[PDB]
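One protein chain, two forms: both are listed below as structure tokens, the first as structure 1 and the second as structure 2.
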Structure 1
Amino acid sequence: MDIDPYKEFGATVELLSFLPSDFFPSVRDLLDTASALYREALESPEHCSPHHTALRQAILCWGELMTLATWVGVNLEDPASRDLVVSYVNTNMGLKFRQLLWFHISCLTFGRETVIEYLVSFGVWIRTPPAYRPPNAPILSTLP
């Protein structure tokens, strides 16, 4: 129905496309990052924030895919289809969840405006030719 996941938060798919595909961390590291920082808030019966509301659904609909992978592992005695299904899952659908989890965790940790301006800064950094590219890339931190 032409729904943009980040439009209600202020970004677009094109804006989030400034970062390369290899930039985003793994699903596992993001999940431990979430569970070590907002486990008591993603498990409480309150409308803490739309970021929390989106993170809950993202985690659940990723767990659905993990359960599907377990089911196709336990059934479908054809090894070729076994390998193809799981490979397609954790390669062509893990990227979207990585982007969503990274956005919703970085926003909650640092600031929506901070993340929004970091995206522009990183796009500017990555657009320049490598010869004139400065050695250090922009990074999100709260220390000097």
Structure 2
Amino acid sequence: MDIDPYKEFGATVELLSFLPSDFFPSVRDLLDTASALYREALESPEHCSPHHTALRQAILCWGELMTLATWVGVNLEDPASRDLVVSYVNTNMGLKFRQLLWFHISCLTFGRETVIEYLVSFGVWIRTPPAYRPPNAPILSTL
């Protein structure tokens, strides 16, 4: 079964393929802001929003992946091998979950409208050749 995790919210993997991989913030930073801004509601006994529902599962799945890879690298005695493992993780699953957390945190904070318009505007900015590319990249802001 092919499921797009954003088709439910108004986006697609091809719409977030606009943003590059290097664009998304660290999982550390994303979880930090998730806590600081929505901890009381993520720990709540309520459907507060589908974004809350999805973000909870994303956080728990990141935890499970971390436990897996940690236990694995620990069972792995060789540093080159464990470093290879965590590199692959960070590249593939790290990037998936950075996309996901960024999307949900950003949408909770700003709005579906703002986040999708931001996706298209950033696509414009990154498609523009450098000689005409403003150095001020698009930024989300409640200000």
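The first residue in the sequence of structure 1 is number 1, and each one after it adds one. Here the rigid core means the biggest group of C-alpha atoms that line up within 1.5 Å when the two forms are laid on top of each other.
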property	result
Residue among 32, 64, 83, 117 with C-alpha shift of 2 Å or more between the two structures, core superposed	83
Core-aligned Cα shift of residue 132 between the two structures, given in Å	1.2
Once the two forms are fitted on their core, CA shift of residue 18 between the two structures in Å	0.4
